[PDB]
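A short write-up of the structure that comes next.
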Amino acid sequence: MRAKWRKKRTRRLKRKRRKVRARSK
Amino acid sequence: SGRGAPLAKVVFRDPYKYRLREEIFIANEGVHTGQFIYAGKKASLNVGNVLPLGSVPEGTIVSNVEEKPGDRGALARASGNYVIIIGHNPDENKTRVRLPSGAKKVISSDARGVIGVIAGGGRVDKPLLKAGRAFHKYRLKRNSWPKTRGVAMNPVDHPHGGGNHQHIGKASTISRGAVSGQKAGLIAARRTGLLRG
Amino acid sequence: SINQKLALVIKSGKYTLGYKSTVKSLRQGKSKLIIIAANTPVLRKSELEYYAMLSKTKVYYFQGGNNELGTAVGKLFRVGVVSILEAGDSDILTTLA
Amino acid sequence: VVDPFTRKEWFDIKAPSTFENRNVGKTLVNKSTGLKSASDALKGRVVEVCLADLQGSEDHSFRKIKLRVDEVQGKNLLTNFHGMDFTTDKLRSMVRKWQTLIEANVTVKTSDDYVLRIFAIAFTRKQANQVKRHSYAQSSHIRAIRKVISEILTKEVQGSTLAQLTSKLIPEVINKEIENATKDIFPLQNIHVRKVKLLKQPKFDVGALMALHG
Amino acid sequence: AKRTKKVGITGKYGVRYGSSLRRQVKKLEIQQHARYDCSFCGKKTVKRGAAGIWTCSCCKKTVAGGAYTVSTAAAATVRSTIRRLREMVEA
Amino acid sequence: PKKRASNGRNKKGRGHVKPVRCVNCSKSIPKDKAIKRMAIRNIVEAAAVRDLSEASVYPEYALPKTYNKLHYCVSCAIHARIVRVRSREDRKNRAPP
Amino acid sequence: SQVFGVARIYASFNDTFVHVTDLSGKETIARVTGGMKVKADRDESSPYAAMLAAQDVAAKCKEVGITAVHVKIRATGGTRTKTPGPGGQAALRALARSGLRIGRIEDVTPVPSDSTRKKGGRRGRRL
RNA sequence: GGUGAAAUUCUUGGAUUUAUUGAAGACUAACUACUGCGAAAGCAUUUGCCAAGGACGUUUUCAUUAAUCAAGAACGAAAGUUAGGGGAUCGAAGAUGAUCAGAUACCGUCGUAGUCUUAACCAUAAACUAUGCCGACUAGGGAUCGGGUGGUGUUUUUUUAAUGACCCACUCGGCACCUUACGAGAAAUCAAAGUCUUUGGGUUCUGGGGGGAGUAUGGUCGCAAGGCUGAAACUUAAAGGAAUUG
Ligand SMILES: [Mg+2]
Ligand SMILES: [Mg+2]
Ligand SMILES: [Mg+2]
Ligand SMILES: [Mg+2]
Ligand SMILES: [Mg+2]
Ligand SMILES: [Mg+2]
Ligand SMILES: [Mg+2]
Ligand SMILES: [Mg+2]
Ligand SMILES: [Mg+2]
Ligand SMILES: [Mg+2]
Ligand SMILES: [Mg+2]
Ligand SMILES: [Mg+2]
Ligand SMILES: [Mg+2]
Ligand SMILES: [Mg+2]
Ligand SMILES: [Mg+2]
Ligand SMILES: [Mg+2]
Ligand SMILES: [Mg+2]
Ligand SMILES: [Mg+2]
Ligand SMILES: [Mg+2]
Ligand SMILES: [Mg+2]
Ligand SMILES: [Mg+2]
Ligand SMILES: [Mg+2]
Ligand SMILES: [Mg+2]
Ligand SMILES: [Mg+2]
Ligand SMILES: [Mg+2]
Ligand SMILES: [Mg+2]
Ligand SMILES: [Mg+2]
Ligand SMILES: [Mg+2]
Ligand SMILES: [Mg+2]
Ligand SMILES: [Mg+2]
Ligand SMILES: [Mg+2]
Ligand SMILES: [Mg+2]
Ligand SMILES: [Mg+2]
Ligand SMILES: [Mg+2]
Ligand SMILES: [Mg+2]
Ligand SMILES: [Mg+2]
Ligand SMILES: [Mg+2]
Ligand SMILES: [Mg+2]
Ligand SMILES: [Mg+2]
Ligand SMILES: [Mg+2]
Ligand SMILES: [Zn+2]
Ligand SMILES: [Zn+2]
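Protein chains in written order, with the working numbering: chain A, 1 to 25; chain B, 26 to 222; chain C, 223 to 319; chain D, 320 to 533; chain E, 534 to 624; chain F, 625 to 721; chain G, 722 to 848.
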């Protein structure tokens, strides 16, 4: 749970939420 | 017309008769109308000037340079291109030079070149944007445009022709020792696929 | 100083600028020293140089071009040549090399 | 498998007249066989020697000097000046901490047309009565100290021929003359012309060489 | 008013060819239509002819130069390198 | 808790210093933090000089020292003999030997 | 009355070099390196290997006529070590006690006014 | 060659090493420090031009013009983005030789982008003194950088001067340091982190248990990577700070 990487993951897996809410148009 | 670089019309008096012989050079970046140009072994080292290669120090940047002496210019004539001199061998005078393509090469130290860089550099940095822009490009060059892929023809017309899908079928890298009618594709290629260099 | 020996000249003295005024300044011998910009053509330069020998008027060549000399005399236009007529209370007439 | 040394021959080296001890040593070259001109394999070589050897005394035990082989008069190699440098120990021992280094260079051309770069070194020293431990210069003194040094270094070349420069270097004369110009600006201790490098040479003129043979 | 946010001169092209390509020629169309100062008469009156042909309005010197600007960075450097070399054969 | 008043090491009043490279490790380290030590030694170890004394021509020849300045990162410096962990109250001392 | 060559050792780690040449440097005479007197693949740097190297070196220096030698020891340098390998001392001593006349030694290891990046990454060679 | 030791690689077309040269691009060693400068980010080769700045000096000048600041602006390491140059070195990716139970890690050889640069973006770092700025006051001591003042003072010896260097003494201003607390603090420690329950000199920002979460949503900036602003359901009795003994 190194913050640097609990936070890389937090972004890796939040642009994914952004890029999948645009499929749903 | 049809040349990226511009040309310099340069006039000299005739040494052996009372007239003018005008010469048609390729313009090096920086020479201007009304400039004086100096041509020959003792001519000084400034852009515009033609000198034999053995008479220019190692590092000089030159264009329109001869392969054999007196051929009047073979290497490095297109816009923005030049050759660097890398060294000398005054025993049987030869001069090593690097060409635009990155090829090194040795040529007779009497081979003349013009100091500086061919004008018009950077031409190929602008997107053509439009078929027509390239229509008129080859309008003034030769009937080589446009190009239909062989894969879109019938097998009567091209090694790549035919088939119920558009596909090449055998490998597309062709032996160098192939024969006319068979050399379509990547002739004598030695690798292939996207580079790492 | 170096360059502002011209700031002296415009206040404490009289000057004229441009080519065909500094031949009228020179055929009449009443010009003590002229300054020539760097980019004024060579043919122009040797004409003002010949008027120098005939008027016993010595000459200075300038680091910048005609765009730079204009601002050097606080003018807002290009000036290829300038003629000094009186230093008056300046420092330039004597002190040069 | 052939012992390539038996095909090789010795040539003794004589230095310029400007040096006390002229005959130095010997070198080696393959013998002049068919189209092989060992003369050409000889000229162009260079060798560096401590000034202790050229002048016998050891107060120039630093200061190596290079020398290059020009025309050979048959089995003797007459050589000409090529360049001088401070051995790295002498150099690295002058750069003690807690004191300011000063350096300058200037590329000048000599009476005989020789263009060359010459390097000066100098370290500020403490004044005798000092109580603070460092004796640093002040960057305006350094600029001033730098300015005067380049003027004398330039004035001595072109106010001297190259051979004259050899004549005026072995005595370390210009160190004093630089010491006699910066005395009023800051103390300074290790004033030295640290290096001399030959950048270009004129047409041969073998006459100048044979002036250095006796 | 400000006529447009970013397209600038490439408004003529409208919506076609892709924005990045349009942005790529905007750069060079500004360069090539610019008025360059004259190295001879000091006037901002040099404008491109054909590619590589730069010529001043009044003083009418013509300079062979870049395809879209009057002096490519490469030729500026080359002028440096030759000077550095010339300044040495001069010594 | 803050272990040293020098924070890491000896930089007060600039903000950024510049990096050097450990001679053993190659690691980047700010110059003010590096552990510095001079290897001032002769080119001869214990003995081997009077085994070379009569081996030399040149009656009068001094002994040239071989100079080289060394920078250590913290980790290397600790792992060699260069510095050692010190007590709490012993860390405030700048006596070399 | 005595004659001269120049020594030129290279005290690297992983190896030490000993080869002498005309005071010119151009024409050289027998090179022998520390990895010719061992074949363990590792200890080519070792002092023992350097001794056997100088001893086999000086013998060839006698066979042609080198009375004496000036020496120029040299670490790797560049951006790499500046501190000379362990088989430098051993070769030099194994050269005096070998019977050549000497004097005028310099450390010629190359050092930059510095420049160009060092290998390792900024976290250093970590093991 | 490289390494703990190896191997990948190179080599009788002579490598490695030597000597003589040449090119290219980055860097600015040693000198380099409890030293300087800058609003901060940061700035170390020479010289030239260009504007700028603090401190000091001052029986010059205006006279309250000032402190701190929602809104709004400039600058902002490294990496990253777009285009041209440049591309020696190092080198995310990658490729490989090892090591390993595995080892697309550490170590070894390569190596793309990158590293430099111009023209545009980006706006963030343990961007740290983890200490807002202005003002006032309250201990002891020795150094140092700048500027000034003083002395039959040492050398400069140019004869003595006079400067520069130095010495001693003062002082204004700055980077810091030592001792100590009389005071502060949970303590580590602190000359401010003091002049506070004996609680008020002026002002700006931020925090209110731990998670969830800098997430969701709206807005906005960005080409993008992302930045700025920013919840709630829900869950939990501790997380946490400093020190003590083992
Ligand atoms: Mg097609
Ligand atoms: Mg069809
Ligand atoms: Mg067919
Ligand atoms: Mg086929
Ligand atoms: Mg087909
Ligand atoms: Mg298809
Ligand atoms: Mg297909
Ligand atoms: Mg008129
Ligand atoms: Mg801790
Ligand atoms: Mg400051
Ligand atoms: Mg910082
Ligand atoms: Mg050193
Ligand atoms: Mg090895
Ligand atoms: Mg470890
Ligand atoms: Mg070789
Ligand atoms: Mg460079
Ligand atoms: Mg300083
Ligand atoms: Mg430096
Ligand atoms: Mg705001
Ligand atoms: Mg940045
Ligand atoms: Mg950046
Ligand atoms: Mg690029
Ligand atoms: Mg690269
Ligand atoms: Mg590498
Ligand atoms: Mg990998
Ligand atoms: Mg690796
Ligand atoms: Mg980039
Ligand atoms: Mg912004
Ligand atoms: Mg922040
Ligand atoms: Mg903070
Ligand atoms: Mg506070
Ligand atoms: Mg205060
Ligand atoms: Mg106090
Ligand atoms: Mg003072
Ligand atoms: Mg005084
Ligand atoms: Mg006094
Ligand atoms: Mg909470
Ligand atoms: Mg949002
Ligand atoms: Mg519980
Ligand atoms: Mg704790
Ligand atoms: Zn014009
Ligand atoms: Zn380390």
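We treat Cβ as the ideally placed atom computed from N, Cα and C, and that holds for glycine.
Measure the Cβ-Cβ separation of residue i and residue j and say whether it is below 8 Å.
{"i": "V56/B", "j": "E47/B", "result": "no"}
{"i": "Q564/E", "j": "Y601/E", "result": "yes"}
{"i": "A260/C", "j": "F299/C", "result": "no"}
{"i": "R123/B", "j": "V108/B", "result": "yes"}
{"i": "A334/D", "j": "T398/D", "result": "yes"}
{"i": "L76/B", "j": "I140/B", "result": "yes"}
{"i": "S745/G", "j": "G755/G", "result": "no"}
{"i": "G575/E", "j": "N225/C", "result": "no"}
Compare the C-beta of residue i with all C-beta atoms of chain E and state if any pair is closer than 8 Å.
{"i": "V427/D", "result": "no"}
{"i": "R148/B", "result": "yes"}
{"i": "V181/B", "result": "no"}
{"i": "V434/D", "result": "yes"}
{"i": "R300/C", "result": "yes"}
Residues in the same chain with beta-carbon distance under 8 Å from residue i, minus the five sequence neighbours each way, listed in chain order, please.
{"i": "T595/E", "result": "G582, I586, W587, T588, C589"}
{"i": "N634/F", "result": "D656, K657"}
{"i": "residue 571/D", "result": "Residue 571/D is absent from the structure shown; chain D starts at 320 and stops at 533."}
{"i": "residue 310/D", "result": "For chain D, the structure presents residues 320 to 533; residue 310/D sits outside this window and is missing."}
{"i": "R838/G", "result": "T800"}
{"i": "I132/B", "result": "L78, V90, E91, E92, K93, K119, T120, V122"}
{"i": "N340/D", "result": "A334, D372, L373, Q374, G375"}
So, at 7 Å on beta carbons, what are the nonlocal neighbours of residue i in its own chain, with the 5 sequence-adjacent residues on each side left out?
{"i": "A597/E", "result": "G585, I586"}
{"i": "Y273/C", "result": "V245, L248"}
Alpha carbon to alpha carbon, what distance is there between residue j and residue i?
{"i": "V301/C", "j": "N509/D", "result": "53 Å"}
{"i": "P805/G", "j": "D378/D", "result": "28 Å"}
{"i": "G808/G", "j": "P625/F", "result": "48 Å"}
{"i": "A52/B", "j": "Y43/B", "result": "27 Å"}
{"i": "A309/C", "j": "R249/C", "result": "19 Å"}
{"i": "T802/G", "j": "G526/D", "result": "47 Å"}
{"i": "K519/D", "j": "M662/F", "result": "39 Å"}
{"i": "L318/C", "j": "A500/D", "result": "27 Å"}
When the cut-off is 8 Å and only beta carbons count, does residue i lie next to chain D?
{"i": "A624/E", "result": "yes"}
{"i": "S722/G", "result": "no"}
{"i": "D828/G", "result": "yes"}
Please report whether the beta-carbon of residue i lies at a distance below 8 Å from any beta-carbon of chain F.
{"i": "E377/D", "result": "yes"}
{"i": "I730/G", "result": "no"}
{"i": "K839/G", "result": "yes"}
Against chain B, with Cβ distances strictly below 8 Å, would residue i count as a contact?
{"i": "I615/E", "result": "yes"}
In chain order, what residues of the same chain have a beta carbon less than 6 Å from the beta carbon of residue i, not counting five sequence neighbours either side?
{"i": "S722/G", "result": "none"}
Is residue i close to chain G? Criterion is C-beta to C-beta, closer than 8 Å.
{"i": "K327/D", "result": "yes"}
{"i": "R364/D", "result": "yes"}
So if I threshold CB-CB distances at 8 Å, which residues from the region 574-592 of chain E count as touching chain C?
Answer set for the region 574-592 of chain E: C574, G575, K576.
Positions along the region 83-101 of chain B whose CB lies within less than 8 Å of some CB in chain E
Within the region 83-101 of chain B, the qualifying residues are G84, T85, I86.
What are the residues of the region 678-691 of chain F that lie near chain G, defined by any Cβ-Cβ distance shorter than 7 Å?
Cβ contacts with chain G come from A679, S680, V681, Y682, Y685, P688, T690.
Contact set between the region 513-529 of chain D and chain E, restricted to residues whose Cβ is under 7 Å from the partner:
Per Cβ criterion, the list reads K519.
Interface positions of the region 742-766 of chain G facing chain D (Cβ-Cβ less than 8 Å), listed along the chain:
Residues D743, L744, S745, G746, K747, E748, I750.
Taking any Cβ of chain F, which residues in the region 789-803 of chain G have a Cβ under 7 Å from it, in chain order?
Correct list: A789, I794, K803.
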